[PDB]
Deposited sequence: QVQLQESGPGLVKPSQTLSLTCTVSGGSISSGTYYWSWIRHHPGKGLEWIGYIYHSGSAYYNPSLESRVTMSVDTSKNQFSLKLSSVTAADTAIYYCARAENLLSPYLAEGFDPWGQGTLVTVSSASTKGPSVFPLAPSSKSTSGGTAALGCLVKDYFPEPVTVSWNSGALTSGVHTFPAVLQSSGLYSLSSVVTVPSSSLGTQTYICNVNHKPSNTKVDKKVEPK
């Protein structure tokens, strides 16, 4: 099972260059006759193929993006990468890497498989902003809900875990609301036994990679 992983989500200012990297694991980028591909999903639109590249260097691009696009391969790091120049808000998207697995001709490869998990790239002139995190305390022999509120960050995404991932049962992280200020906020809540409130510690772990912000918050009764 070959696996693909895009580099982390981020902000790019308009007219600058978006750079992404895909790391391949479980197989060699230079093994087999595959093309290594980038595909993006603009919010509320569809899928758009950007292009793909062979391990020895030749590449083929979507003609609507060709003049701004360059890809490259780094066989020693087992990576391939994408540069998209002169970006605007039209380039805000989830960017996926993928392996085009089945050659039908020397340059035509189909069957994108596997894909990475995408990476969200936001094109904006606004500054990155890390969240403030507040505990949502449980108030109660049954079950109690507790959570944490992740306020005023930009851009998306944040991830929330509980007790470093040891706690997954009953965890709901809700989609963010977009405030009129242009900042996001979200909540994560976990449902736990009321009995354990006195003896068990609950810490939510908030990660906001676009600003390199990691915040832990203890959520305790009252």
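*Asks:* For this chain, which runs of the deposited sequence have no C-alpha coordinates, given in order from the N-terminus?
*Replies:* Missing C-alpha atoms (numbering from 1) occur across the range 141-144 alone.
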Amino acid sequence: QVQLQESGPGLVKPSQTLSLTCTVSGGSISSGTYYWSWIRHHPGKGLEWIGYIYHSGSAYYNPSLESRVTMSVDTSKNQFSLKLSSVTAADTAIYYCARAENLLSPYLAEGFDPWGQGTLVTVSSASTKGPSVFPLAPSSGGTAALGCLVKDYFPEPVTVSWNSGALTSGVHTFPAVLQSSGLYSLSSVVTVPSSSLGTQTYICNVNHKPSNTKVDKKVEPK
From here on, numbers count along this sequence of modelled residues.
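*Asks:* Using only C-alpha atoms and the B-factors in the entry, which stretch averages higher, 131-139 or 85-93?
*Replies:* For C-alpha atoms only, the mean B-factor is higher in 131-139.
*Asks:* Look up the CA B-factors in the entry and say which stretch, 191-199 or 61-69, has the higher mean.
*Replies:* The stretch with the larger mean CA B-factor is 191-199.
*Asks:* Whose C-alpha has the highest temperature factor in the PDB entry: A176, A166, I50, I53?
*Replies:* Within the set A176, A166, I50, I53, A166 shows the top C-alpha B-factor.
*Asks:* Check the PDB entry and point out which of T119, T122, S76, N102 has the largest C-alpha temperature factor.
*Replies:* That would be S76, according to the entry.
*Asks:* Quick one: classify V150 as lowest, middle or highest third of the chain based on its Cα B-factor.
*Replies:* As the PDB entry reports it, the C-alpha B-factor of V150 lands in the lowest third of its chain.
*Asks:* Taking only the Cα B-factors deposited for this chain, tell me whether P210 sits in the lowest, middle or highest third.
*Replies:* It belongs to the lowest third of the chain when residues are ordered by C-alpha B-factor.
*Asks:* Sorting by Cα B-factor within the chain, modelled residues only, which third would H42 end up in: lowest, middle or highest?
*Replies:* Answer is middle: the recorded C-alpha B-factor places it there.
*Asks:* Going by what the PDB entry lists, where does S25 fall on CA B-factor within its chain: lowest, middle or highest third?
*Replies:* Ranked within chain, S25 CA B lands in the highest tercile.
*Asks:* Lowest, middle or highest third: where is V158 by Cα B-factor in its chain?
*Replies:* Within its chain, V158 is a lowest-third residue by C-alpha B-factor, going by the deposited values.
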